[PDB]
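> One structure follows; several queries about it will come next.
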Amino acid sequence: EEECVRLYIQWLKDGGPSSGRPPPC
């Protein structure tokens with residue numbers, strides 16, 4: 001589907017910046 005964005009959005013699904021996690025890309 002979405003290269004890197006997939007891992008990104010994987011991070012977005014965790015809450016994005018709200019997760020506290022640092023975005024994959």
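A note on labels: chains of the structure tokens are A, B, ... as shown, every chain counts residues from 1, and ligands are counted from 1 in their shown order.
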I'd like the contact shell of segment 9-12 of chain A - 7 Å cut-off, only C-alpha atoms, skipping same-chain residues fewer than 4 positions apart - returned as number ranges by chain.

A: 5, 16, 23
